[PDB]
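Beneath this line is the structure, given in structure tokens, with notes to follow.
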Amino acid sequence: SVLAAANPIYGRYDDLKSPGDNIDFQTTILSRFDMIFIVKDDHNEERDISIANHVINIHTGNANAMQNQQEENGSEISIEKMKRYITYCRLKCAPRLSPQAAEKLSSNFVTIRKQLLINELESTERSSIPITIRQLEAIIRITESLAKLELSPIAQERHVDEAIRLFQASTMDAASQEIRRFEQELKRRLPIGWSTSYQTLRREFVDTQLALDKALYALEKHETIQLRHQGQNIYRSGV
Amino acid sequence: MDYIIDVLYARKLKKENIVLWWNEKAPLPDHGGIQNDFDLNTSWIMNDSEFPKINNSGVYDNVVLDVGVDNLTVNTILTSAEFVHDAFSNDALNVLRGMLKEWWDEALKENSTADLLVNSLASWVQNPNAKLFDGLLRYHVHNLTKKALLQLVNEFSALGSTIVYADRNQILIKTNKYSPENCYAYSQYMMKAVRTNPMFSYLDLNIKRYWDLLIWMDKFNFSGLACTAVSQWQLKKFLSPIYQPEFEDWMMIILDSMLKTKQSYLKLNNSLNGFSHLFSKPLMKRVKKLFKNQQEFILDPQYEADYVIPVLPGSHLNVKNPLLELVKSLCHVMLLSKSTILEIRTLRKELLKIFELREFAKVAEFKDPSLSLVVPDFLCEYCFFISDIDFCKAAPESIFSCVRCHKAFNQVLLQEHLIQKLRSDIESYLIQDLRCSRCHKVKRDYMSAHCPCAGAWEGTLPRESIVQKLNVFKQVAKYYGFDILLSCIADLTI
Amino acid sequence: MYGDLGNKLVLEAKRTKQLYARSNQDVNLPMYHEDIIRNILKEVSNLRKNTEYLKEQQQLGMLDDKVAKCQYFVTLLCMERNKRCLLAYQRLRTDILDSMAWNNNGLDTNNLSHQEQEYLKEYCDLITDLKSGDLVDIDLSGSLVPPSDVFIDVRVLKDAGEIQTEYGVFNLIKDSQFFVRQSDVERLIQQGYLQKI
Amino acid sequence: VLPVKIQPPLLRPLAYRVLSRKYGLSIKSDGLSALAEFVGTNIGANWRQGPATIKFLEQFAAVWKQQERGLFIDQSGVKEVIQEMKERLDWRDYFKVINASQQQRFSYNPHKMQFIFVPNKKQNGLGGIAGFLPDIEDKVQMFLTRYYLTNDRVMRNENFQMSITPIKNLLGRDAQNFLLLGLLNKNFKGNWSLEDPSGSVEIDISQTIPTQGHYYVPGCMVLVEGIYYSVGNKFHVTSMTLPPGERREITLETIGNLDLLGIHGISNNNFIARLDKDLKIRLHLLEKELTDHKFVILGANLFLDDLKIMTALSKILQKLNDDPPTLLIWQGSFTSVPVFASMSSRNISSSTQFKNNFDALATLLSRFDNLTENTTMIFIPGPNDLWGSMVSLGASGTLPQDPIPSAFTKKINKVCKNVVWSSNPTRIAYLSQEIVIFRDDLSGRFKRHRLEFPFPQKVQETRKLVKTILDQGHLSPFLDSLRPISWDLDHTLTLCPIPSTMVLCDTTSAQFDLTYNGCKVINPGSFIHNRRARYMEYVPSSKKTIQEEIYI
Amino acid sequence: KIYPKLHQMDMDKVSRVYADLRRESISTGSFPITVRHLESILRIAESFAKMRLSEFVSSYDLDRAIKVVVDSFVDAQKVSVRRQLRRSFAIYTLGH
Ligand SMILES: [Zn+2]
Ligand SMILES: [Zn+2]
């Protein structure tokens, strides 16, 4: 196993810049990682307060007792016992996928491939973070490892759900990252506090055509619009 | 009078060839059968009412104009001006505009009936018993009223002033001026300059008070000199009885010191710089003596009733040291002074040292002792006055009687509005959209187990907030003895 | 092929056998494989439909003295195999349930089939019928380690208050210790309240 | 019996030699004192006087095995043995009403293909306020449970055991025939769509042929055959149908014959109650024995604030006092207007007016003695009743609707010997017949929202209703964005073991008493219609349904 | 010889200092406040207690450490915002 740690180009991730400019690594080496995490300082004040209280509890030496209580409570295990347990799992078990797990994984592969295709069209360039058939095998290995914890001789639907969730939380999240006329049209034609049902906006804009969903993503990130009611109602919530 | 408005509107609607949504049997508009079905837009339209009321807390040595407003709704309907699916029908709106202009002109020509009618319109646009009631019309008028209040604030601020507070009945305005006698001219110029803009042609702009010096954190918690000094504090009500007089005393001392400093600075020529120095050392000596006395007497049956903390509506929190609650309250009021944060902060440090509490200790931080329970848009039919009433932060007299006139509100009407608010919030909980907990996209599908970005779904109204709302409802019901509301609360669990 | 689901089920049988055999306690037996069993029973029903189809077509007569004989014999053997696999699985779980009955219940229920639950009830009723009949002077459900000591020290591992015995009491104070006749406390050692020897 | 001649230190060896030495049950001291005086107060004479002592101790031990009150005796346990000795059929022991909030919640586990019990956390005590509120987790599981029950019911039908492919299996399997099962969405983009736990797909209906005996409203579970086309990511629908309903016996026997009501016993998380076959048969024979029992159903929209209603009703109840019903279902919107927060204090307020109406009604019931002391009253709210009306203003709303509040029941509760103010989807658990009652005016909603496909009347438009409801297996097929459900309580609207009878009350359809899949569904659609009072007499011991009318 | 312990810690003060430093450091070009700076406050307070040969860190050591770190952050800012930021941060540091 290769566990690697790196900073982006420009050191801090530089969010408004393209990922293809922020990421040094070629798509060849990137594809060899089952999970790519892009880690960012969220700067959220509640989180920062929480981290500050935690880190103070580290430096004060409170954490020495806290970890021991957590271990004796059975909510945590030690370095030594975990080391032996990883060895035992690596020597006892090597699970297969059930047929149901196999189908869910296969359909998930075509789903994420479609997402990458449309994103490459929307950004009109090949993505730096890739999704390839090697990355299906990444989700397969993760599924098997998740079953390998409990020494289950087969992986099951639940393990595939967690494997898919982890891949979505890591490699997809790494991959995930004229309209100016249409947005001011929507601002003109939907005043504050009222709702346009989405499909009518789609018909009107088409009747003038993919600029619609870019406009909605921008206006939803801002306070001006709120996608109420299962996304059916475009609500001019803010300015 | 709403019924007379119904028939008289129905005439001009059919005369303009609109299909009429008169409903005899039920409040909801007869749109055909569709009116009987739940709808997320319709339920939002019925459940929603809150003005985005502005409240810029602080200290103000400039004179502050306490501007009353009335005929705001009428002004919006007169001065107002498919793709939009909860906008009221623009044809019917144009009829209501022209008809309201007709009634208003006849009121200007001193038709008592037309005058009474235009006064009563504010009831009819809200009243569900109106034969031509429509939630879309109520909401269209309401959000236009909201936009108009924001534009009125824009107009006053565009004329160089600054808004302390604003709602649908009242605006408090910082003038960038220092003397009331200097400004009895300029204030009338200012208000005229607003009303002469066409957007506000019909407003009852009325300068109800002149504040020489103002301390303000919300309309239930302020003090100031008026042109003479008044003090009112929902803060005070939560201090144990021994300390409520003590709070008022030090508030008068604070006002006195601020005024001495203002007039001193003006004789020498944000003027509040150094006001703490006139009373800080007496206050510390006093607090030390009180702390000694509390150690002597808090446990004593001779005195404990004066240390017992009051149970009250919206009583937010448990508290262990009532003297510390007084000190927290005083320090918070003084920390409103944006000009002078440092001197107050250093004094606050030297006070908390008496308890050996650290300057930033979580216990020493001031959290508001009161939880709001606002019933939006209550109607005083005796004077057609629309007011939000807060059952916790308002005093009891302002709950059981109107503020502008002083007719009493009917008890059962009052309890019914609380039950309507309660059930509206329970429904708003059950009909909420779910939001992704790490990317804030809305849940659009019906059977996903989590968002495609791997984030778990969470409520847009988290369950904890609604538990807290039901808790303040039970508190209000117990305190005022609202038997109907209390039995409704009982029937939820049981 | 028709034997495979039986092989999966008896590999399950072998793994649960090892699970039970590795420890001194009664390990809680794993979940009843309803899904594999239903797949086998549906497979048996299909094999029955094939025998029905063939015994119909022996009226039509195609090479039946050998060919129908062979098709019938093979599908019959597939059904015998599937019966053997099903009965091997069920007999093992029966054996483990009988063991648990004598060890505890004759003195985790979700993992049993309803037939197995009511079977375990009936078998406990049988054990109690034996020790309640003749031979009653021997507690037939008692231990099979020979009595080495008549008096033993026992440390109270969990609290249970004052209880009477044949001619006295024990107050089961937490972390108290008795010196006592083993025959007067054996039930509590089995029930996990007393620790030593 | 003689005076007590016992002391516990003397009875101790015998109590031990039975309970402990035979059965391992432990003699805790307080339970021993209670046991000793129980023995003494039945035997009287001393423990040495013959086998009756050991017989009595054995009877105690056997009853202890019946009550299963643990490894140690106690005074409360001795009291339990005494009560079980007092118990050493009456139909009132089995007839009961189950409100929506009082029903045993069962979640459906798809992997285990069976129900599992969930405690109602109002029981937990921490729910003394806001115990009733659901969790967000209930919302995400709400439609999943409907689908899993529907899918499981589909797989049991003989026609399928081609077979369903979950929607997510389609993706990339271009230009190929498939059978789907799915929730009929309308996507936010506007297109019609199906959804599955695995995913969703947009559909084209422009060439489809539905089967004709059904409605096809949004949110309805529909079996769908079609061709998937990846080029537009469409699914072109050949034909559409509602998944086949399942007869009550078949459902019950294949879920494992659970008691989902407490008609035989209450469940725990460690103990799912079983619908014991012999007791079921005994109750069924008693059910056929009680020829005389009759349930009388009044029509919907019984507005108590109209004198014509009250006059008609006075005449009806005067008939019923001659020969009281077993049971009398009142239902549906007891006021003409919905009762909501008043806008003015001059008139008598809305809530007070509603209270006055139940005062007037209690005045009527006072005159009818036989009725008041021999019936069971059941009240079922409708759209105009009190706390639902507050927020809905008489429209449809949060569906598992609460009973009318106890502040307004009081005079009724005084005059009547038996009353149950019950949820709108209330249930009656009669001897063996589970009987759902529901007051909704469905037929208008179905015809108002039915999918309009491209490409006698009164009988047909009610066959369609009941076939839709029972094939869909669930009283509210509509999306929660068209009829919101309290997420915790959606299990009450599900009908999964199809009820024995259903009073599916509806004011926008004709009266009927249809049967489908053995379920007898009746509708006394409206109390006052065509200048007649209308009410209906369901006869449980024969399942006849004699409609009745009074001219007024 | 000397290894000062943290004790009696003004956890809320250091937490508010770090939270405000993080918030105001969102300015794109500013000195990039990070968790290692939070630990730096503690290292600096320990060094000041070391200068006193004191095996416990007093409030004076921690307050001087906060003053150093906040001044180091404030000093790095452009003149367009430095007065406003110094005024805002003064509550943590000019109390000493
Ligand atoms: Zn008034
Ligand atoms: Zn998300």
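Going by the structure tokens order, chains are called A, B, ..., each with residues numbered from 1, while ligands are numbered from 1 in the order shown.
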
Would you name the residues within 6 Å of ligand 1, counting only C-alpha atoms and all ligand atoms, and put them as JSON, numbers by chain? {"B": [380, 382, 383, 385, 402, 404, 405, 406, 407]}

For chain D against chain A, which residues fall within 7 Å using only C-alpha atoms, given as a VMD selection string? chain D and resid 168 to 169 171 to 172 188 to 190

Counting only C-alpha atoms and all ligand atoms, what are the residues of chain B within 7 Å of ligand 2, and for each of them which pair of atoms is the nearest and at what distance in Å, to one decimal? Sort the table by chain and rising number, as a Markdown table.
| residue | atom | partner | partner_atom_place_in_ligand_line | distance |
| --- | --- | --- | --- | --- |
| B:436 | CA | ligand 2 | 1 (Zn) | 4.5 |
| B:437 | CA | ligand 2 | 1 (Zn) | 6.6 |
| B:438 | CA | ligand 2 | 1 (Zn) | 5.7 |
| B:439 | CA | ligand 2 | 1 (Zn) | 4.3 |
| B:440 | CA | ligand 2 | 1 (Zn) | 6.0 |
| B:441 | CA | ligand 2 | 1 (Zn) | 5.6 |
| B:451 | CA | ligand 2 | 1 (Zn) | 4.6 |
| B:452 | CA | ligand 2 | 1 (Zn) | 5.9 |
| B:453 | CA | ligand 2 | 1 (Zn) | 4.4 |
| B:454 | CA | ligand 2 | 1 (Zn) | 6.3 |
| B:455 | CA | ligand 2 | 1 (Zn) | 4.9 |

Could you list, as a PyMOL selection string, every residue within 8 Å of region 389-399 of chain D, counting only C-alpha atoms and ignoring same-chain residues fewer than 2 positions away? (chain B and resi 26-28+35-38+43+46-47+419-420+423-424+427) or (chain D and resi 337-341+383-387+401+424+483-486)

Restricting the output to N, CA, C and O atoms, write the selected residues as a short mmCIF file (atom, residue, chain, number, x, y, z; two decimals), in the first residue's frame.
data_model
loop_
_atom_site.label_atom_id
_atom_site.label_comp_id
_atom_site.auth_asym_id
_atom_site.auth_seq_id
_atom_site.Cartn_x
_atom_site.Cartn_y
_atom_site.Cartn_z
N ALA B 26 -66.40 27.93 2.68
CA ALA B 26 -65.11 27.73 3.34
C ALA B 26 -64.24 28.97 3.17
O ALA B 26 -64.46 29.76 2.24
N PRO B 27 -63.26 29.18 4.07
CA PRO B 27 -62.38 30.36 3.90
C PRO B 27 -61.59 30.37 2.61
O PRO B 27 -61.38 31.44 2.03
N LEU B 28 -61.13 29.21 2.15
CA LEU B 28 -60.18 29.18 1.05
C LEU B 28 -60.86 29.62 -0.25
O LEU B 28 -62.06 29.41 -0.42
N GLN B 35 -58.59 23.84 -4.73
CA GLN B 35 -58.41 24.51 -3.44
C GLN B 35 -58.40 23.53 -2.26
O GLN B 35 -57.90 23.87 -1.18
N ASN B 36 -58.96 22.33 -2.42
CA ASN B 36 -59.03 21.38 -1.32
C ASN B 36 -57.72 20.61 -1.09
O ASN B 36 -57.56 20.01 -0.02
N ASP B 37 -56.80 20.61 -2.05
CA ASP B 37 -55.59 19.81 -1.96
C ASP B 37 -54.47 20.58 -1.27
O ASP B 37 -54.31 21.78 -1.49
N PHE B 38 -53.71 19.87 -0.44
CA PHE B 38 -52.48 20.44 0.09
C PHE B 38 -51.54 20.78 -1.06
O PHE B 38 -51.53 20.13 -2.10
N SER B 43 -49.17 26.03 1.27
CA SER B 43 -48.91 25.93 2.70
C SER B 43 -47.83 26.91 3.14
O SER B 43 -47.90 27.46 4.25
N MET B 46 -49.62 30.27 3.38
CA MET B 46 -50.42 30.42 4.59
C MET B 46 -49.56 30.50 5.85
O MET B 46 -49.87 31.28 6.76
N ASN B 47 -48.49 29.72 5.92
CA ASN B 47 -47.70 29.63 7.14
C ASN B 47 -46.80 30.84 7.35
O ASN B 47 -46.49 31.18 8.50
N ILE B 419 -52.34 28.64 19.30
CA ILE B 419 -52.47 27.27 18.81
C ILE B 419 -52.27 27.23 17.30
O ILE B 419 -51.70 26.27 16.76
N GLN B 420 -52.73 28.26 16.59
CA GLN B 420 -52.48 28.34 15.15
C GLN B 420 -50.99 28.43 14.86
O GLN B 420 -50.49 27.76 13.96
N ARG B 423 -49.41 24.86 15.67
CA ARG B 423 -49.70 23.88 14.63
C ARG B 423 -49.05 24.25 13.31
O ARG B 423 -48.64 23.36 12.56
N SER B 424 -48.92 25.55 13.03
CA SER B 424 -48.21 25.97 11.83
C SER B 424 -46.76 25.53 11.88
O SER B 424 -46.22 25.07 10.87
N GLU B 427 -46.58 21.64 11.46
CA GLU B 427 -46.74 21.33 10.05
C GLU B 427 -45.50 21.72 9.26
O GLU B 427 -45.04 20.96 8.40
N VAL D 337 -68.19 25.05 8.52
CA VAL D 337 -66.93 25.73 8.18
C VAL D 337 -65.79 24.97 8.84
O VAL D 337 -66.01 24.34 9.89
N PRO D 338 -64.57 25.00 8.30
CA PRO D 338 -63.42 24.62 9.13
C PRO D 338 -63.29 25.60 10.28
O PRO D 338 -63.60 26.79 10.15
N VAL D 339 -62.82 25.10 11.42
CA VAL D 339 -62.77 25.86 12.66
C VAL D 339 -61.32 26.26 12.89
O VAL D 339 -60.47 25.42 13.23
N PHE D 340 -61.04 27.55 12.73
CA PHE D 340 -59.70 28.10 12.71
C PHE D 340 -59.68 29.36 13.56
O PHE D 340 -60.72 29.82 14.05
N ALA D 341 -58.48 29.91 13.74
CA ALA D 341 -58.29 31.08 14.59
C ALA D 341 -59.11 32.27 14.09
O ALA D 341 -58.93 32.73 12.97
N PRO D 383 -61.81 17.03 7.61
CA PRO D 383 -61.04 18.26 7.35
C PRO D 383 -61.44 19.48 8.16
O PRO D 383 -60.59 20.35 8.38
N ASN D 384 -62.70 19.59 8.61
CA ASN D 384 -63.16 20.78 9.33
C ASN D 384 -63.00 20.69 10.84
O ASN D 384 -63.44 21.61 11.54
N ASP D 385 -62.38 19.63 11.37
CA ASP D 385 -62.24 19.48 12.81
C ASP D 385 -60.97 20.16 13.31
O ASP D 385 -60.11 20.59 12.53
N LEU D 386 -60.86 20.25 14.63
CA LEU D 386 -60.44 21.51 15.24
C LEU D 386 -58.96 21.84 15.03
O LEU D 386 -58.64 22.91 14.51
N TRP D 387 -58.03 20.96 15.46
CA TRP D 387 -56.61 21.36 15.37
C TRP D 387 -56.03 21.15 13.97
O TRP D 387 -55.01 21.78 13.65
N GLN D 401 -54.42 11.95 11.10
CA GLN D 401 -54.91 13.14 11.78
C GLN D 401 -55.30 12.81 13.22
O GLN D 401 -55.87 11.76 13.49
N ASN D 424 -57.93 9.73 12.17
CA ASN D 424 -58.70 9.58 10.93
C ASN D 424 -58.47 8.21 10.30
O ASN D 424 -59.47 7.55 9.96
N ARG D 483 -50.03 15.11 -0.24
CA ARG D 483 -50.74 14.82 0.99
C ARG D 483 -49.70 14.46 2.05
O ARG D 483 -49.24 13.31 2.11
N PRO D 484 -49.27 15.42 2.88
CA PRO D 484 -48.19 15.12 3.82
C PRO D 484 -48.61 14.09 4.86
O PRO D 484 -49.76 14.05 5.29
N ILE D 485 -47.65 13.25 5.23
CA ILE D 485 -47.84 12.19 6.21
C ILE D 485 -46.89 12.47 7.36
O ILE D 485 -45.74 12.88 7.14
N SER D 486 -47.36 12.26 8.59
CA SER D 486 -46.44 12.26 9.72
C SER D 486 -45.53 11.05 9.57
O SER D 486 -46.02 9.91 9.51
#

Identify all chain B residues at most 7 Å from chain E by counting only C-alpha atoms; ligands do not count. Present them as a ChimeraX atom specification. /B:342,346,358,360-362

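Using only C-alpha atoms, the protein and nucleic acid residues lying no more than 12 Å from residue 65 (chain D), apart from those fewer than 3 places from it along its own chain, are residues 105, 125 and 128 of chain C; 19, 23, 24, 25, 58, 59, 60, 61, 62, 68, 69, 70, 71, 72, 73, 77, 80, 81 and 84 of chain D.
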